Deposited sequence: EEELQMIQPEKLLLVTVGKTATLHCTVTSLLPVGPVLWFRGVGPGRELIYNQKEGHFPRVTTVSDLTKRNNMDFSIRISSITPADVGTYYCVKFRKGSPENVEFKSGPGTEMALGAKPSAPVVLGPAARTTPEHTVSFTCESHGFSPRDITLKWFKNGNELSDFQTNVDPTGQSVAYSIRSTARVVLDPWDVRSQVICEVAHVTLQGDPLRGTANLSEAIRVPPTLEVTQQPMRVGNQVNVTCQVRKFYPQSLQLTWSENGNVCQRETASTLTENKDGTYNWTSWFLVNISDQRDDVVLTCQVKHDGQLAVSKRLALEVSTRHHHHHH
């Protein structure tokens, strides 16, 4: 069993400013002699770390080399800048007569530079749409390398699958871009819902990045209408009320028509919100019942849409 130089990672990715960990282990403790780190092969190679002699402010050992028994010669190089890219070799020396002679080299680890993607930007449709229609959202992120990236779409907690994604370019680039379009169906319960784009990349290390769009901005929930009469249990009065149910957004004009004529009369009307995020608008008034068949119309204009109405006979 002769000493071997183990370097698990053929290529190591790192990002500007971060620390790089170069992994190296030995299989045997003999022959006796130091282990050194170099960038490059041949006589022109650069000395990166030396156990005993030399000053290496940027290098820091993973384990305690001073311990007789240590077999791990992995090093951390801090504050990586683009000048640090290269192939780093782990090299064992044995004793000689005056000099030490090279005994065995690891196969080297390439230190390569990657880049984090940008915070994903999710854009919604420009105009609002009623429920039971599918709309499109887009997600983009850019500036990342390498090209391998993962993009997930969610509506609230549920992952969507009705999407297309492209990564660009195909060739070599300093930076790649990811673009995705998701088809999302609008349900009547969707006012409080969020569309999410999740970007996963090796340079992020566990923590993905998220772009969001609120569906509150994409949906119009048309209101439902009804008008009623209530005989005031004590007296010759009628309680006429108009019920504008489950609408979104909160932008509404409600007019009363008496035989097709606008009233202008005083009405006590209140606004309520529903758990589903939609709104309700109640509008009631009392009539002194004179004597002289009146058709009452409750006319509602929601969010700039065509007027809808309901008739009621007294």
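Ranges of the deposited sequence (numbered from 1) for which no C-alpha atom is modelled: Unmodelled stretches, in sequence order: 1, 294-295, 318-328.
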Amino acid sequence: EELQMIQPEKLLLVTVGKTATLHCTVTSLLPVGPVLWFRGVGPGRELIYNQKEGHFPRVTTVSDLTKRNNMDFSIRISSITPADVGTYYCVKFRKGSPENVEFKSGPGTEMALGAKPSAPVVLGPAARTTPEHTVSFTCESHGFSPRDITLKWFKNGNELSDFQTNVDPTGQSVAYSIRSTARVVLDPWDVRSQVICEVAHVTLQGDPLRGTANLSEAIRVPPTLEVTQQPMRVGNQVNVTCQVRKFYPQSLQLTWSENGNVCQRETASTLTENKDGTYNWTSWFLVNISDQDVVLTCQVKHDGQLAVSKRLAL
From here on, numbers count along this sequence of modelled residues.
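Higher-scoring stretch by recorded Cα B factor average, 143-151 or 100-108: The deposited B-factors put 100-108 ahead on the C-alpha mean.
Between the two ranges 5-13 and 293-301, the one averaging a larger CA B factor in the entry: Mean B over CA atoms: larger for 293-301.
231, 222, 169, 188, ranked by C-alpha B-factor: the highest one: Across 231, 222, 169, 188, the entry lists the biggest C-alpha B-factor for 231.
Selection by C-alpha B-factor (highest) of 280, 61, 251, 66: Top of the list by C-alpha B-factor: 66.
Residue 206 by Cα B-factor - lowest, middle or highest third of the modelled chain: Within its chain, residue 206 is a highest-third residue by C-alpha B-factor, going by the deposited values.
Cα B factor band for residue 284 (lowest, middle or highest third within the chain): Top third by C-alpha B-factor.
Lowest, middle or highest third - CA B-factor, residue 242: Highest third - that is where residue 242 ends up once the chain's C-alpha B-factors are sorted.
Relative C-alpha B-factor of residue 196, binned into the chain's lowest, middle or highest third: CA B-factor rank for residue 196: lowest third.
Cα B factor band for residue 94 (lowest, middle or highest third within the chain): Its C-alpha B-factor belongs to the highest third of this chain's values.
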